Amino acid sequence: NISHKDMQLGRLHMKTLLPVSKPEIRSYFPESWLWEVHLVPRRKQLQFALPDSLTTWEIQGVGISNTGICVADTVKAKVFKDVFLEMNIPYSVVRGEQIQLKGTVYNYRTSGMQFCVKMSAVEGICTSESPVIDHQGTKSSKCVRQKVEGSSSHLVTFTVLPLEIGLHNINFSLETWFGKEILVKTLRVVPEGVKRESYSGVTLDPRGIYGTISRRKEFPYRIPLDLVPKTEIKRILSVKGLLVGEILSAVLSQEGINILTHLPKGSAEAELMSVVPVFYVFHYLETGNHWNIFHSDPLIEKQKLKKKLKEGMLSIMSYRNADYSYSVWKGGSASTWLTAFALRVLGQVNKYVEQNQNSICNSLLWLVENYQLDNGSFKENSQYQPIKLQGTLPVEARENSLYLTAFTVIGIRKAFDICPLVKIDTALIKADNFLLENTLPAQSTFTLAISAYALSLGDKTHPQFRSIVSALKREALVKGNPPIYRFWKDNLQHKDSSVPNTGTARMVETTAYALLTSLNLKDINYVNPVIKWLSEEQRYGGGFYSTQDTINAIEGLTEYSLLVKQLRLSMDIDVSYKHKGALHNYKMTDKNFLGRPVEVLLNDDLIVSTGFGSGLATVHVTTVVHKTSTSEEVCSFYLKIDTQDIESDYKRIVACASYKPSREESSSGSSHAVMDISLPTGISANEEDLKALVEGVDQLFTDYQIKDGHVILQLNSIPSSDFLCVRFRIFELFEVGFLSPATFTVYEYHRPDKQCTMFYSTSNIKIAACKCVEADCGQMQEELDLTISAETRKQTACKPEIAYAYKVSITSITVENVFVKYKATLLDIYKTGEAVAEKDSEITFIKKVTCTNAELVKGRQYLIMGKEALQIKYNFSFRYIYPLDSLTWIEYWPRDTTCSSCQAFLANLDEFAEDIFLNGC
Amino acid sequence: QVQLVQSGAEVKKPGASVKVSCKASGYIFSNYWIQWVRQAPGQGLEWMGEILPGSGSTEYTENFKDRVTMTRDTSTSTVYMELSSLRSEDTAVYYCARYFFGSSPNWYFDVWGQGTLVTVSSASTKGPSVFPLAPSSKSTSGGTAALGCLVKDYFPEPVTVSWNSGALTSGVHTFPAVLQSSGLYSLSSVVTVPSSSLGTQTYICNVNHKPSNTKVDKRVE
Amino acid sequence: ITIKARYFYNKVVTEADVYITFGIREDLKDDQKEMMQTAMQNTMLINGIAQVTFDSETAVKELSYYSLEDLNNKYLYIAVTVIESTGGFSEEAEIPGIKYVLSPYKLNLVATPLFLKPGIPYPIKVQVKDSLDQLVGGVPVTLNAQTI
Amino acid sequence: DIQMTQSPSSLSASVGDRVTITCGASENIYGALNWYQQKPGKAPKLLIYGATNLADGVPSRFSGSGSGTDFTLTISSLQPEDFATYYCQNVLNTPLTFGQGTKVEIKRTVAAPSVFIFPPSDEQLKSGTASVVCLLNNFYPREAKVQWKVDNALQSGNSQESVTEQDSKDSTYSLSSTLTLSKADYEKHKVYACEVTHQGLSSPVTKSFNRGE
Ligand SMILES: *[C@@H]1O[C@H](CO)[C@@H](O[C@@H]2O[C@H](CO)[C@@H](O[C@@H]3O[C@H](CO)[C@@H](O)[C@H](O)[C@@H]3O)[C@H](O)[C@H]2NC(C)=O)[C@H](O)[C@H]1NC(C)=O
């Protein structure tokens, strides 16, 4: 019965005294400067320039000498500007969107002032005006003069729209009567559709020490079917001189340590992974005594990398609770799993950096005595489900307990030497026995592999252990005779021979645990195909698909490079395009193998060749593209998302998903999962709603973050039974129009291979469309007949821009991502251009959906003259596509009917038809 | 090009709101401000206001605050003006002008309107009365004698007066009017001739009042 | 009390509904405090400024210790919460404490040791400061004494 | 806020004279001042802007001096186009303001006024309104002294004058006086006399009309 008065009064009363308070700060102060220390002989001068900030800078000083210490009088310096102009530019805008940019002009002047603001039109942006006047001597954008009062602030907007992809320069002129001031700003224009990355690796061993010689590889130029028009393909090439050379380059070549994946940082796991590259790099450097690579001082780099290491280790301390138990999320219920994982981290790091021994002991004790069963198996504490396992409910729970036990055995084994203890050794024997005698009834190669590694770090003389070893060796998968590649899968009922040749996070995990087991058991002749596979399965960033696979895979690679003695690196390398000319050639030695990653500029089939030399050279090429459709992909989730409106009142967004398990999977739901919602251009979301969906005991999601206009959530499990929905209000920041759809993606965290993607939007109707709305898209001539005469159509038809002129019939109309694809069958040919148009083939046409001028009717015959004939290559075939411009000709074709005007129309049309079919021009 | 059209002369009562508009032609309408200014007759002029076409932004003088209304129409490229609760002393000549904001410290009033004469209604409309003014016998000394006609008790202005229907274009003077206490005017129109030409000749004073639709002829002897 | 809600630099907030609360605090390092059951309310901040007045007597005595001197060397905690009428944005702000001081003056001895010497005149040099710990002259000073 | 005043009200200028007109403001506008002129009953044309620069189509005969809170305008030689009313303005602060106007005295001379007397008529006295009209022609300067005599009665406030602008022939003014009385108060008197005193006239000229002859 309360109105909206008490409604907010209640939450205002309950905000306080239930909690004590929360730590946080609403202001930000950047890195301080002038921290230098100097020796002054009674006189010194240091000149420099101030930062751009409106700030009172208090510059104070201290000094000491053999006399003592002296406090210099604090000097006051305040940077201020009375007339200042702020400019708001969004992170990213997609071409074709009519977008107004708003900006705020502020004035501190005593009294009122009037101003003007000029927009600088850059050649790839229609201003809806094109105000630039080149008529007179000095060119300007004109202006709308606006006024502001004294010490006031006024808003000014400008409506624009991009054309070229990524046109980054726009100028703004602020003009008062006192004069002018210039503000340069950048505009990000991003391709439409969705980003997708294809990875092609190759390993180089010209000597064939490791079982094959490879001097060359060809990565072709493959255009995707759904690729967005007017968008070129991105190619990045990385050439490094060792199996781990790409990781080392990830640490050293880029000063800041880059996240190896695009996965979100929310979980404590992702914070733990941030120290992995620094650690393993340190391991290879110190153990093999390879520090000689630095031309600079080696020891300085030892202290720098050691410091990065310690900082990365203390990075995850925030998730540690009061009992030294580590929780998967901040303040959440601690999980035995993540605690064991962190115990493995600290257990390995304690070699080169001594951690707190007491804390380690307390953690081990907590997970050991806190959660363990009477048979030695381990029970998971929190509701966190690390992975989904094959088999029905008894098989899935049994397999899950097996996986958790093997995992915690791995962790405790790695860290045991820091705090050797009677009790933890006893429980180690318990869980080890459970693994030994319950693993042999094998179910999936995943669990068998992880148990094989856990038991591999323990006693290696057990006959049951060697039996598990013989079975996992029985499950191997090999490519080539003699063995070239070797890896593993999930083999339960999958014992049929199938290799889709698609890298799976789960697959890389299984084969990784197998490899580590081999490295500890030291069977070398068995290993080389596996490292041959993983070294070519790596990405440019040095990271693999997921976290769990990447950690163990990197440890395997590093230990391999540290066991078998690396060979001296001497190679003459060159990359060149097949038909096109040659690109940069790498002459690579032990000194510079870290050289720059080079992007492949030209579009051609790529070929890499090497002369005779020794060593192991990793060459990886990653390829970024955009495409318009998800219809080809493999969707693992029911997805539905839409936008409602409420009753001040706002707009609402709701997304929903459900898990679609495979036949081997059970109905228990999904594992740790992530929901990414791309926000359309110029509309934000309500922080308070998500913060409410997270921060309390009923939490529907464990963590939320907003990154670069993306709303990303994490959740323990996605139920297969019904739909789960996230719901939040949204805000319109500025007026947008003809906005392009955005992406809604859901995937499993530890195996992104299971994912589903979807396009979504707020809502769409027609705008009026007047000023520069249609950009060179389409024109359609009127129905029936006009003053248009067949010989004028002869002028336009044989026009050298026009390649082809023929009439066709409408077959199909498909709407794909703001772009219209018309299937049509040919009718009568007159003159064709460089492309061959066969009779009655099903061809395609493209249309920009924002154009209400030219539209097409279902199944009606039309006369078309196109200027351009476009081609695409599948490498086995070449398919043609016909663009539709505003310079292309479209005229309606009636069928045989006698309307009062029809006869003369068919007369003109046939007259032109036979005039041009005469090859007259 | 630069074309600004001004409304026609309006006559309304003391306190009845009056409307006057200005039309913009030849340039981009919504990109330049439009200014309204008032000249009271015979004395200085007072700045009234400005308006931004298409942003509708308005600002006024605080003396005339809440007496003034400016509106904008982009369809016809026109701007409208309304004055409520004005009075007889407000009525004056009103002009429109275009503010040109230069890209340097050059700020103009650029193109101007034709002006609108606005007048207050006093006793609605009334026709002129024309009363002779004759010379005398003994008051003319030797070289000079004057004769004329008086146009009185008329409304509204103007009154176009001629002599012999335009036959005297030189040596003929006419005095602008002055308001009476009844809401009427008194204006005089005379001509000077020697005493001999005054004695014998026919001078007919023609009085044409267009707004009241009246003509009065005067025989001056 | 005057509160100012602004956006960035000089940009003022237009329409706001503001709610204010008060409390009695023992010191500035105590994270708790005694809240006051009757607090001003629903004052609309217009053009980025709002003003209220606070009666210490009226808002304390009936709720708590009722004499103006009983609050000495004890602070006053203020909590302000502002909601934007147009956009629904809510934000908080606070003043941790304001010291209730009985006498605006505070006294301290200067250059006068606490030991008297028999037969010599005993100097007593007294110093007068304000609530800012700043010297204030022209202050009358009364010295009463008893000897044993 | 900010406003300015214009000086002087008028100044005497021969066809070849050199004259100056100034105005000054509340606060310093720096260079923000504009000058323009208006011909009677027409829209004013922009002459000087920024207190210095000359407009296109504006001859070089017009000079001006523009700095500070005080602004001046200089004409070295007057022209037939230079006879009008003048105004000064500031473009700077949000409330644009203006000046009080400037009148140009066209001719340098001292003329001799003409005094004529015009009693009412037979058609005029039938409606009950008698107007005694006194006439002054072609004098200079604009200020004149018109005094009424109706048998030792000077009637001021029931009489209304009118001033005509300069006749372009000789460039001198003209003035009329219409005394509006009823017909009941018009018959009380006999001898009517109008007296005119002028700068270029030493002896005030009186013209009379007799009633009852
Ligand atoms: C927006 O502001 C930028 C500010 O950088 C301006 O760009 C200017 O563009 C001119 C182009 O003629 C540049 O001049 C060129 O300099 C090179 C030497 O670097 C010389 O070889 C060329 O012949 C030419 O003189 C100029 O450096 C550059 N920057 C300035 C003036 O600061 C310009 O005002 C605006 N540009 C756009 C694209 O809107």
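- The record names X-ray crystallography as the way this model was obtained, at a resolution of 4.200 Å.

### Here's the deal with the overall build of chain A
Turning to step 1, where the next piece is worked out: Summing up its helical and strand segments, chain A has 17 helices and 39 strands in all.
Turning to step 2, where the next piece is worked out: With respect to the principal axes defined by its C-alpha atoms, chain A has extents near 105 × 80 × 75 Å.
Turning to step 3, where the next piece is worked out: Every one of the 921 residues in chain A was classed for burial, and the buried ones make up 47%.
Turning to step 4, where the next piece is worked out: As presented, chain A carries roughly 47,200 Å² of accessible surface, and 52% of it is formed by carbon and sulfur atoms.
Turning to step 5, where the next piece is worked out: In chain A, 100 side chains carry a positive charge and 102 a negative one; their mean positions are 5 Å apart.

### Concerning the interface of chain D and chain B
Turning to step 1, where the next piece is worked out: Counting residues at the interface gives 45 residues for chain D and 43 residues for chain B.
Turning to step 2, where the next piece is worked out: Buried area between chain D and chain B, both sides added, is near 3,500 Å², and the carbon and sulfur share of it is 60%.
Turning to step 3, where the next piece is worked out: At the surface where chain D touches chain B, the tally comes to zero salt bridges.
Turning to step 4, where the next piece is worked out: There are eight residue pairs in polar contact connecting chain D and chain B.
Turning to step 5, where the next piece is worked out: At the level of elements, strand 4 (33–38), strand 5 (45–49), strand 9 (85–90), strand 12 (114–118), strand 13 (129–139), strand 15 (159–167) and strand 16 (172–182) of chain D are the ones that each hand at least two residues to the side of chain D that touches chain B.
Turning to step 6, where the next piece is worked out: Looking at which element gives the most residues to the side of chain D that touches chain B, the answer is strand 13 of chain D, with seven residues.
Turning to step 7, where the next piece is worked out: Partitioned by chemical class, the residues of the side of chain D that touches chain B number 19 nonpolar, 21 polar and five charged.

### Topic: the sheet that holds strand 18 (residues 570–577) of chain A
Residues and elements named next belong to chain A.
Turning to step 1, where the next piece is worked out: Spatially, four strands are ordered 14-21-18-19 in an open sheet, and the strand pairing comes out antiparallel. At either end of the open sheet lies a strand with only one pairing partner, and these are strand 14 (216–219) and strand 19 (587–589). With strand direction ignored, the average angle separating the axes of adjacent strands in the sheet is 20°.
Turning to step 2, where the next piece is worked out: As defined by bridge partners, strand 18 adjoins strand 21 (residues 606–610) across five bridges and the pair is classed as antiparallel. For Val-575, the partnering residue across the bridge sits in strand 21 and is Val-608.

### Details of the pairing of strand 12 (residues 129–133) of chain B
All names here are of chain B.
Turning to step 1, where the next piece is worked out: With four of its five residues buried, strand 12 lies for the most part within the structure.
Turning to step 2, where the next piece is worked out: Of the pairings in the sheet, the one linking strand 12 to strand 13 (residues 145–152) comprises five bridges and is antiparallel in character. Counterpart to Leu-133 in the pairing with strand 13 is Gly-148.

### Remarks on the state of the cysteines
Turning to step 1, where the next piece is worked out: One pass over the full model with this rule turns up 12 disulfides over all chains.
Turning to step 2, where the next piece is worked out: Bridging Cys361(A) to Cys419(A), the disulfide has an S-S length of 2.0 Å. Judged by the sign of its S-S torsion, about 110°, the cystine formed by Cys361(A) and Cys419(A) is right-handed. Highlighted residues: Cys361(A) in helix 7 (residues 357–370) and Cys419(A) in the loop between helix 8 (393–415) and helix 9 (422–439), separated in sequence by 58 residues.
Turning to step 3, where the next piece is worked out: The buried category is assigned to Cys361(A), whose relative accessible area is 12%.
Turning to step 4, where the next piece is worked out: On the basis of relative accessibility, which here comes to 7%, the residue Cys419(A) falls in the buried class.
Turning to step 5, where the next piece is worked out: Between the sulfur of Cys23(D) and that of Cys88(D) lies a disulfide, 2.0 Å long from S to S. Because the torsion about its S-S bond is 100°, the bridge between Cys23(D) and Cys88(D) counts as right-handed. Highlighted residues: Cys23(D) in strand 3 (residues 19–25) and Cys88(D) in strand 9, separated in sequence by 65 residues.
Turning to step 6, where the next piece is worked out: Regarding the disulfides, chain D carries the connectivity 1-2, 3-4 under sequence-order numbering of its bonded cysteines.
Turning to step 7, where the next piece is worked out: The thiol of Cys770(A) is unpaired, and the distance to the nearest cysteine sulfur, on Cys772(A), comes to 11 Å.

### A closer look at the packing of aromatic side chains
Turning to step 1, where the next piece is worked out: All chains considered together, the criterion is met by 53 aromatic pairs over all chains.
Turning to step 2, where the next piece is worked out: The interplanar angle of 65° and the centroid separation of 6.1 Å between the aromatic rings of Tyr862(A) and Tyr892(A) together place this pair among those described as edge-to-face. Taken together, the residues span a long stretch of sequence, with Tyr862(A) in strand 36 (residues 861–866) and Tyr892(A) in strand 39 (residues 889–892) at a distance of 30 residues. For the pair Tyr862(A) and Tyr892(A), a shared accessibility class is recorded, and that class is buried.
Turning to step 3, where the next piece is worked out: Taking the centre distance of 5.2 Å and the plane angle of 15° together, the rings of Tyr186(D) and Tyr192(D) count as stacked.
Turning to step 4, where the next piece is worked out: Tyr186(D) gets classed as buried once you look at its relative accessible area, which sits at 4%.
Turning to step 5, where the next piece is worked out: The class for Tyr192(D) is buried, based on a relative accessible area of 5%.
Turning to step 6, where the next piece is worked out: Above the face of the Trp291(A) ring, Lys302(A) is positioned so that its terminal group lies 6.0 Å from the ring centre.
Turning to step 7, where the next piece is worked out: A cation over a ring is seen here: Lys640(A) above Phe723(A), with NZ or CZ 4.9 Å from the ring centre.

### Thoughts on a nonpolar patch on the surface
All names here are of chain C.
Turning to step 1, where the next piece is worked out: Residues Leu-109, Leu-114, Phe-115, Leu-116, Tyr-122, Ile-124, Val-126, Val-141 and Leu-143 make up a contiguous nonpolar surface patch of roughly 980 Å² in combined accessible area.
Turning to step 2, where the next piece is worked out: With respect to the helices and strands, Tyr-122 occurs in the loop between strand 9 (106–109) and strand 10 (126–129).
Turning to step 3, where the next piece is worked out: Using a relative accessible area of 34% as the deciding quantity, one classes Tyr-122 as partly exposed.

### So, the site of the ligand
All names here are of chain A.
Turning to step 1, where the next piece is worked out: Taken together, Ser-120, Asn-169 and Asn-171 make up the full set of residues near the ligand.
Turning to step 2, where the next piece is worked out: A distance of 3.5 Å separates an oxygen atom of the ligand from a polar side-chain atom of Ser-120.
Turning to step 3, where the next piece is worked out: Take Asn-169: an N or O atom from its side chain is 3.5 Å from an oxygen atom of the ligand.
Turning to step 4, where the next piece is worked out: Bound to the protein, the ligand loses 17% of the 740 Å² it would expose on its own.

### Points about the sheet that holds strand 26 (residues 683–685) of chain A
Residue and element names in this part refer to chain A.
Turning to step 1, where the next piece is worked out: Overall, antiparallel pairing links the four strands, which are arranged 23-24-29-26 in an open sheet. The open sheet terminates on both sides in strands that have one partner only, identified here as strand 23 (637–645) and strand 26. Here the average twist between neighbouring strands, direction ignored, is 30°.
Turning to step 2, where the next piece is worked out: By the bridge criterion, nine bridges tie strand 23 to strand 24 (residues 651–659) in an arrangement that is antiparallel. Bridge pairing in strand 24 links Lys-640 to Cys-656.
Turning to step 3, where the next piece is worked out: Here helix 15 (residues 687–694) sits on the sheet in contact with strand 26 and strand 29 (724–732), set at roughly 155° to strand 29.

### Examining the interface of chain A and chain D
Turning to step 1, where the next piece is worked out: Tallying the contact residues gives seven residues for chain A and eight residues for chain D.
Turning to step 2, where the next piece is worked out: Interface of chain A and chain D: buried area, both sides summed, is about 610 Å²; carbon and sulfur atoms make up 53% of it.
Turning to step 3, where the next piece is worked out: Of all residues in chain A, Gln114(A), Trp177(A) and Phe178(A) bury the most surface against chain D, accounting for 63% of the area lost on that side.
Turning to step 4, where the next piece is worked out: Summed over the shared surface of chain A and chain D, the result is zero salt bridges.
Turning to step 5, where the next piece is worked out: Grouping the amino acids of the side of chain A that touches chain D by side-chain chemistry returns three nonpolar, two polar and two charged.

Cut-offs and rules
Residue labels here follow a simple count from 1 along each chain's written sequence instead of the entry's numbering, which may differ, and residues missing coordinates are not shown. To read the labels, note that chains go from A and ligands from 1, taken in the order they are written. Here we see some chains out of a larger assembly; the values all refer to those chains and nothing more. Only hydrogens and water are set aside; all other atoms, that is, all heavy atoms of the structure, feed into the side-chain values. Labels follow the DSSP assignment, with helices taken as runs of H or I lasting at least four residues and strands as runs of E lasting at least two, numbered in each case from the N terminus. With a 1.4 Å probe rolled over the protein chains alone, any residue whose accessible area is under 20% of its type maximum counts as buried; one over 50% counts as exposed, and the rest are partly exposed. Working definition of accessibility: Shrake-Rupley area with a 1.4 Å probe, residue cover restricted to the visible protein chains. A residue counts as positive if it is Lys or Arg and as negative if it is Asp or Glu; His and the chain ends are not included. Working definition for charges: the position is that of NZ of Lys, CZ of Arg, CG of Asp or CD of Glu. Any two residues whose heavy atoms approach within 4.5 Å are treated as being in contact. Take the accessible area each of two parts loses on contact, using a 1.4 Å probe, and add the two losses: that sum is the buried area. Throughout this description, the term salt bridge denotes a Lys or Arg side-chain nitrogen within 4 Å of a carboxyl oxygen of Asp or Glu. Distance and chemistry together define a polar contact, namely a pair of N or O atoms within 3.5 Å, with one atom able to donate a hydrogen and the other to accept it when in protein, and with adjacent residues in sequence counting only for side-chain atoms on both sides. Nonpolar residues are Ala, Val, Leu, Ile, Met, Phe, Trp, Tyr, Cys and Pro. Charged residues are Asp, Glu, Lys and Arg, and all others, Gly as well, are polar. A strand pair is defined by DSSP finding two or more bridges across the two strands. Note on geometry: axes are C-alpha line fits, over the in-contact stretch for helices, and angles between N-to-C directions span 0 to 180 degrees. In this description, a disulfide is simply a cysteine sulfur pair whose atoms lie within 2.5 Å. The rule is short: rings of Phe, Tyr and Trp, with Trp giving its six-membered ring, pair when the centres are within 6.5 Å, and they are stacked under 30 degrees, edge-to-face over 60, tilted in between. In this scheme, the term charge over a ring applies when either NZ of a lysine or CZ of an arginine sits within 6 Å of the ring centre and within 35 degrees of the ring normal. Surface patches are defined over residues having more than 30% relative accessible area and no salt bridge, joining like charges when they lie within 9 Å and nonpolar side chains (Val, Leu, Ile, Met, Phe, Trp, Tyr) when within 5 Å. For each residue, the test is whether any non-hydrogen atom lies within 4 Å of the molecule or strand; if one does, the residue is near.

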